[PDB]
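# Summary of structural features
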Amino acid sequence: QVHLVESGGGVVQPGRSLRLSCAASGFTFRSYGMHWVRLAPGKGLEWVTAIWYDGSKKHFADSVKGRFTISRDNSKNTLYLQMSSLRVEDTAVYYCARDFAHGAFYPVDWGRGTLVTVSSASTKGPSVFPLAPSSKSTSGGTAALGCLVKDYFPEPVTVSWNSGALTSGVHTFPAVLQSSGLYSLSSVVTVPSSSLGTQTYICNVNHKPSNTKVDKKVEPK
Amino acid sequence: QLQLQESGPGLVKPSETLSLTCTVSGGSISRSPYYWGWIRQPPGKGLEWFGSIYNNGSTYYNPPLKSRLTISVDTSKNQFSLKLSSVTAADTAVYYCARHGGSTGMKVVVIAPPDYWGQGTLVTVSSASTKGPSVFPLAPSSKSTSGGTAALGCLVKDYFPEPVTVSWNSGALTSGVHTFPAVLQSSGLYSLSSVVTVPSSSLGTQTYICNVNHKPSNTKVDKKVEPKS
Amino acid sequence: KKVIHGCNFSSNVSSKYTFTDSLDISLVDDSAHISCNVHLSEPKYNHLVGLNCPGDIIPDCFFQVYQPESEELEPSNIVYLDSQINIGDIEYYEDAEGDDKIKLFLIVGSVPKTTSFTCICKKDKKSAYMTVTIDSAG
Amino acid sequence: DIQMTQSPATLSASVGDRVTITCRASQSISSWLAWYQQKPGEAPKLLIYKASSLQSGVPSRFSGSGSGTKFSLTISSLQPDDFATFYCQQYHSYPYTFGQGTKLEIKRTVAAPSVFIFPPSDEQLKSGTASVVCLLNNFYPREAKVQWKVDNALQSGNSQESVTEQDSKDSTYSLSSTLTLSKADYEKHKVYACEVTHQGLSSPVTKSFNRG
Amino acid sequence: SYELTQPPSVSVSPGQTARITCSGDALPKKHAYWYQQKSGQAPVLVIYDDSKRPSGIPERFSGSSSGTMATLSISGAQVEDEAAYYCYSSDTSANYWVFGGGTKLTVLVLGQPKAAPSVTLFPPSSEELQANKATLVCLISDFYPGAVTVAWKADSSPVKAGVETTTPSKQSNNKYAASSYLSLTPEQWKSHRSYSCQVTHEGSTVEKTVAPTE
Ligand SMILES: *[C@@H]1O[C@H](CO)[C@@H](O)[C@H](O)[C@H]1NC(C)=O
């Protein structure tokens, strides 16, 4: 049950600094070395840095030397990656990984990773429009309703229905990269047509980069 | 570039002592942390480990065989030898030398499987004496032609002991060649035959010679094979 | 600083330290495995135990050691020598002759309980295991 | 000492099939088990060491699985030149011990043999011996029957057979049948014939010649 | 800089063996390590020390290394094996820790049946029109294969400006889905009689229509 959790990601401007943390559990963290590996969109895996179990030795890829630094607190089972002078090409998902042993040999166990977006483009919150159901577009006796998430940057956007209590029939589509530069997506859910006047369907939308949380209620036309 | 090669008589009489010697080229035995062992394989049977020796001269033996077994080493000539006293018919086998590791119970030891082997030499334990073979042609006729291609061969009869090696046109012809395994005849002498399929248009133009070697009798025969008259 | 009760897996002139057990890892092929076992059985120890590896030492010997793994393939449990021997005053030394790393430690007094531990020297694709056993002489 | 139990003894699989050979040790050999491939007439070739690691220059289709006492050798997609006898060996402790071996044949579609017959040479007849040879060329499967009829008399007890190794390219066998007679008996009969029965021949074939 | 070279793409049929290669100058003396990363998940070590499998990896996976090339073999490939596969190598004395370029393994499900798309077309909402904007949402789901084209019509005429359409993406049940959006002004939405979303798939057209008078 080796468990690794990264945290600290977000959207920053080029030049900004940022510190990622990696919480480790299920093994003797004090004894093993740790790696930081990143995956940039379109590119492959890239090794970034590694540190020994006691911090004796540290290694850095030439693409981040002088800007990134690595540390660890054994008493709290946490690994740290301090990024500074961030550049646009640093946009990637950052994974922490447990080394085979004490030093820097190869990674074995990986965490889920955290996304870091470096861009000089302004963050824009989304627009939420309810897609109301009606007698139009009858799906064979049932009904199809949803909500529209329009003109948001950057990704991601998380969508749920009835605060996670409703899951059967929910389909969230992948986003589209418009010509303007912003993203947009839709999320539609199919329910029986007799439950339109009794059940309440709430479309939950959250956009972490713009700190926006909007829950629009979809009513029948 | 390491190479091992066995040498020794391939026919030993019962109750005598079988001797073999492995010669190591491409490496030095005295500098090697490896062991130098002997493995044998009876015809139609499995592999059996005899024993190994270190450049010390320190020997290790398969316990059920320590009384008849004796392995020695000569580091000044890159050789190690095998002595098998009081041989019987059960000792007829192909004998291999090989470089391998030691045993687990040792203090400082290389644990490794046999990687470099010798070519292997057959040793027949028999009271019979050596007899050279006779080479007779398997001439091509109307009965040995099918589909514009004909088949010819050589018949190597009445020899002992094994083996014999057959080649065609001094090794220049290998496509479509079948050298059959030798069979033990009712007389106690071995016999085999080698055959080869050739185009029919090349008969009478191309010369076909089978080269038969039987080293126990110092036999070399270059038999030209041609149609019958 | 002369006698090191350990294994010297290197090849060149070990002028500073002289080891009891030696096996040059560059003389074996990738299909081979070096096994070097050291045993210490005395009432009161004053021995300098160490290792000479021309490659990578796993784990951080001898502050860290592998718990011995009979059967299986390679060890996987990293323990600390202070807890494996249960003695509170152990000296740790390190030196390097060229590309050969030397890792030592010094034991004084008696050992409470008989224990053993393994250290791995990996050079290229070959591995050499140094296994030490220290008796309590109880 | 340590008994290596290898299975199966034989194995027949078409080109491209997945083939697994197992090996079991009497006691724990740790991981010190090797796999050898032996072509006929050659020494065994080391394929796998420390149970899992592949020897250099060995195709990627070979693999190994290590454990305490149970071991596996696998070929992902067979090739025609893969026919051999495979041995497992433990090199954990002396004495070294091997498994019984596994003779691997590559299965193929049926192919009828080509039957030729060779009369005895005049040079052989000068001595008091006569040998007639019936040749079966490039057939599969290996199971075949060859009977000698001379003057329509079914012969028995004066012939021997020899069958080649499986061909490295077309996976076929070849067979020889040598009828041995003295010159005296050979000059008493006219028609010599071998009759060949095989799965590739809808009805048996007979090749014959007349003495002289 | 020391690097590891991989072929960018490899595609195979289910049940067959997939071979992924990784070349490197120091691989004759240094071990290779193989990692699998499925889309959206964390990487997983599948082969270490050139040919060993960690606990939990199926016997189908296997690695070899001869000369300057390491090979990862996946016997009996299935759809679940679609992922990116990276090789890795390191040397403490030379100070490098490098991944290969990566290889994306594609599984072609041979001889596959078909499935017609189901289109859902939403008119602009009552709140969007109050913001002086109008967007038509056309959702295309449950179709195979995943290669469609979308077209919009204004009563009878196509629209050549203001259209954004996604690429096809595989769903959870191994079907494909896509969506298309149409940006219009509230005056353009009321001046025409009807707008349509034309979806073409294998030459068969599924098209729905919504009216502005609702
Ligand atoms: C070689 O050295 C001595 C003999 O000089 C011997 O006692 C020792 O066991 C040998 N070591 C081996 C075979 O590893």
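Residues numbered from 1 in each chain as written, not as in the entry; some residues may be left out. Chains lettered and ligands numbered in written order. Heavy atoms only, no water.

As recorded in the entry header, the structure was determined using X-ray crystallography to a resolution of 2.8600 Å.

## Observations regarding the overall build of chain E
Within chain E one finds two helices and 18 strands. In terms of overall dimensions, chain E is more spread out than a globule: its C-alpha atoms have a radius of gyration of 25 Å, far above the 17 Å expected for 214 residues. Dimensions of chain E, computed from the C-alpha atoms along their principal axes, are close to 75 × 40 × 30 Å. Residues classed as buried in chain E amount to 48% of the 214 residues present. Total accessible area on chain E is roughly 9900 Å²; 47% of this is exposed by carbon and sulfur atoms. When the 17 basic and 18 acidic side-chain charges of chain E are each reduced to a single mean position, those positions are 4 Å apart. (Helix = DSSP H or I, 4+ residues; strand = E, 2+ residues; numbered from the N terminus. Rg over C-alpha atoms; globule rule 2.2 N^0.38 Å. Buried < 20%, exposed > 50% of the residue type's maximum accessible area, 1.4 Å probe, protein only. Areas by Shrake-Rupley, 256 points an atom, 1.4 Å probe, with all protein chains shown as cover. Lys, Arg positive; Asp, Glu negative; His and termini not counted. Charge placed at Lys NZ, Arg CZ, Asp CG, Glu CD.)

## Some thoughts on the overall build of chain A
The helix and strand inventory of chain A stands at zero helices and 19 strands. Its C-alpha atoms give chain A a radius of gyration of 22 Å, clearly above 17 Å, the size a compact globule of 221 residues would have. Once the C-alpha set of chain A is aligned to its principal axes, its extents read approximately 70 × 40 × 25 Å. Scored against the burial criterion, the 221 residues of chain A give a buried share of 48%. At a minimum sequence separation of 6, the contacts of chain A that also span at least 24 residues come to 59%. When the accessible surface of chain A is totalled, it reaches about 9800 Å², and 49% of it is carbon and sulfur. Positive and negative side-chain charges of chain A, numbering 22 and 13 respectively, have mean locations separated by a distance of 5 Å. (Contact = heavy atoms within 4.5 Å.)

## Regarding the site of the ligand
Residue and element names in this part refer to chain B. Taken together, the neighbourhood of the ligand is formed by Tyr35, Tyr54, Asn56, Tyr60 and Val108. One of the side-chain nitrogen or oxygen atoms of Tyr35 is found 3.2 Å away from an oxygen atom of the ligand. In this structure, an oxygen atom belonging to the ligand sits 2.4 Å away from a side-chain N or O atom of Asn56. Notes on the ligand: free accessible area 360 Å², of which the protein chains cover 45%. Grouping the amino acids of the shell around the ligand by side-chain chemistry returns four nonpolar, one polar and no charged. (Near = heavy atom within 4 Å. Polar contact = N/O pair within 3.5 Å; in protein donor to acceptor, adjacent residues only side chain to side chain. Nonpolar A, V, L, I, M, F, W, Y, C, P; charged D, E, K, R; others polar.)

## Notes on the domain arrangement of chain E
You can read the domains of chain E as domain 1 (9–107) and domain 2 (118–210). Placing a centre on the C-alpha atoms of domain 1 of chain E and another on those of domain 2 of chain E gives a separation of 42 Å. (Domains from an automatic or database assignment.)

## A short note on the sheet that holds strand β1 (residues 3–8) of chain C
Residues and elements named next belong to chain C. Spatially, β2-β1-β4-β9-β8 is the arrangement adopted by the five strands of the open sheet, whose pairing is mixed. The sheet is open, and its two edges are formed by β2 (18–22) and β8 (91–97), each paired on a single side. Across the sheet, the axes of successive neighbouring strands diverge by a mean angle of 25°, strand direction being ignored. Here four bridges tie β1 to β2, and the two strands are oriented parallel to one another. Considered in β2, the bridge of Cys7 is made with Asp21. (Pairing = 2+ DSSP bridges. Axes fitted to C-alpha atoms, helices over the stretch in contact; angles between N-to-C directions.)

## Some remarks on the domain arrangement of chain A
Domain parsing of chain A yields domain 1 (3–118) and domain 2 (127–217). Domain 1 of chain A and domain 2 of chain A are separated by 35 Å when their C-alpha centres are compared.

## Quick look at the arrangement of the chains
Considering every one of the seven pairs of chains in contact, the largest contact total is recorded for chains B and D. With no contact between them, chain A and chain B keep their nearest C-alpha atoms 24 Å apart. In this assembly chain A lies apart from chain D, the nearest approach of their C-alpha atoms being 18 Å.

## Let's talk about the pairing of strand β17 (residues 195–201) of chain E
Residues and elements named next belong to chain E. Among the seven residues that make up β17, five are buried, leaving the element largely enclosed by the rest of the structure. Pairing of strand β12 (residues 149–154) with β17, which is carried by six bridges, proceeds in the antiparallel orientation. Bridged to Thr149 within β17 is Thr200. Summarising the sheet, β17 and strand β18 (residues 204–210) pair through seven bridges and their orientation is antiparallel. Bridge pairing in β18 places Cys197 opposite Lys208. The loop that links β17 with its antiparallel partner β18 comprises two residues; one of these, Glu202, has a positive phi angle of about 55°.

## Here we look at the interface of chain E and chain C
Where interface size is given, it is often the accessible area lost as the parts come together that is meant. With 12 residues of chain E at the interface, the matching set in chain C holds six residues. Taken together, the links from chain E to chain C amount to two salt bridges. Remark: the boundary between chain E and chain C carries four residue pairs in polar contact. Residues belonging to the side of chain E that touches chain C are distributed by class as follows: four nonpolar, three polar and five charged. (Salt bridge = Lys/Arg side-chain N within 4 Å of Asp/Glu carboxyl O.)

## Focus: empty space enclosed by the protein
On inspection of all chains with the given rule, the structure shows three cavities of 30 Å³ or more. Each pocket or cavity is described by its volume, and for the largest cavity that value is around 110 Å³. B:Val183, B:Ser191, D:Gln160, D:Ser176 and D:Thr178 are the residues nearest the centre of the largest cavity, which is lined by 14 residues in total. When residues of the lining of the largest cavity are traced back to their parent elements, those giving at least two are β18 (190–199) of chain B together with β16 (159–163) and β17 (173–181) of chain D. For the lining of the largest cavity, a count of residues per class yields five nonpolar, eight polar and one charged. (1 Å grid on protein atoms, 1.4 Å probe; cavity = no way out; pocket = protein on both sides within 12 Å on 5 of 7 lines; lining within 4 Å. Points joined across faces, edges and corners; volume = space filled by probe spheres on them.)

## Here's the deal with the sheet that holds strand β19 (residues 208–214) of chain B
All names here are of chain B. Across the sheet, three strands lie side by side as β15-β19-β20; this open sheet has antiparallel pairing. Only two strands of the sheet have a single neighbouring strand rather than two, namely β15 (165–168) and β20 (219–225). The mean angle between the axes of side-by-side strands here comes to 20°, regardless of whether they run parallel or antiparallel.

## Brief notes about the state of the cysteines
Residue and element names in this part refer to chain A. Enumeration according to the criterion identifies 11 disulfides over all chains in this entry. Between the sulfur atoms of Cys147 and its disulfide mate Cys203 the distance is 2.0 Å. Because the sign of the S-S torsion sets the handedness, a value of about 90° for the bond joining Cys147 and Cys203 places this disulfide among the right-handed ones. With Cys147 in strand β13 (residues 142–152) and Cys203 in strand β18 (residues 202–207), this residue pair connects regions lying 56 residues apart in the sequence. Taking the relative accessible area as the measure of exposure, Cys147 reaches 1% and is therefore buried. (Disulfide = S-S within 2.5 Å.)

## A few points about the pattern of salt bridges
Within the structure shown, the criterion is met by 34 salt bridges over all chains. Between B:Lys107 and C:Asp21 there is a salt bridge, and its shortest N-O distance comes to 3.7 Å. One end of the pair, B:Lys107, is in the loop between β9 (93–100) and β10 (108–111); the other, C:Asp21, is in strand β2, on a second chain. With its nearest N and O atoms 4.0 Å apart, the salt bridge here joins E:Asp91 to E:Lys30.

## What about the packing of aromatic side chains?
Residues and elements named next belong to chain B. Per the stated rule, a full pass over the model turns up 41 aromatic pairs over all chains. Look at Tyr35 and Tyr54: their rings are 4.9 Å apart centre to centre, the planes differ by 45°, and that puts the pair in the tilted class. Taken together, the residues span a long stretch of sequence, with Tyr35 in strand β4 (residues 35–41) and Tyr54 in the loop between β5 (48–53) and β6 (59–61) at a distance of 19 residues. Pair check on accessibility: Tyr35 and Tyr54 agree, each one buried. (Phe/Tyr/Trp six-rings, centres within 6.5 Å; stacked < 30°, edge-to-face > 60°.)

## A closer look at the interface of chain B and chain D
Chain B puts 52 residues into the contact, and the matching count from chain D is 43 residues. Across the chain B/chain D interface, buried area totals approximately 3800 Å², and carbon plus sulfur atoms make up 63% of it. At the boundary of chain B and chain D, one finds two salt bridges. Two residues, B:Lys228 and D:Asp122, come together in a salt bridge whose shortest N-O distance is 3.3 Å. At the junction of chain B and chain D, the tally comes to 17 residue pairs in polar contact. A per-class count over the side of chain B that touches chain D returns 27 nonpolar, 19 polar and six charged. (Buried area = accessible area lost by both parts, 1.4 Å probe.)

## Topic: the side chain of A:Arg98
Residues and elements named next belong to chain A. Mapped onto the secondary structure, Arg98 falls in strand β9 (residues 92–99). Judged by its relative accessible area of 12%, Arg98 is buried. At a separation of 2.4 Å, a polar atom in the side chain of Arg98 contacts the side chain of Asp109. Leaving out residues up to four positions away in the same chain, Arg98 has contacts with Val2, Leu4, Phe27, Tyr32, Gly33, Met34, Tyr106, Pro107, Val108 and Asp109.

## Re the environment of B:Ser146
Residue and element names in this part refer to chain B. On the secondary structure map, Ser146 appears in strand β13 (residues 145–146). Judged by relative accessible area, which is 38%, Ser146 ranks as partly exposed. Put simply, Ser146 and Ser200 are 54 residues apart on the chain and 9.1 Å apart in space, counted from C-alpha to C-alpha.

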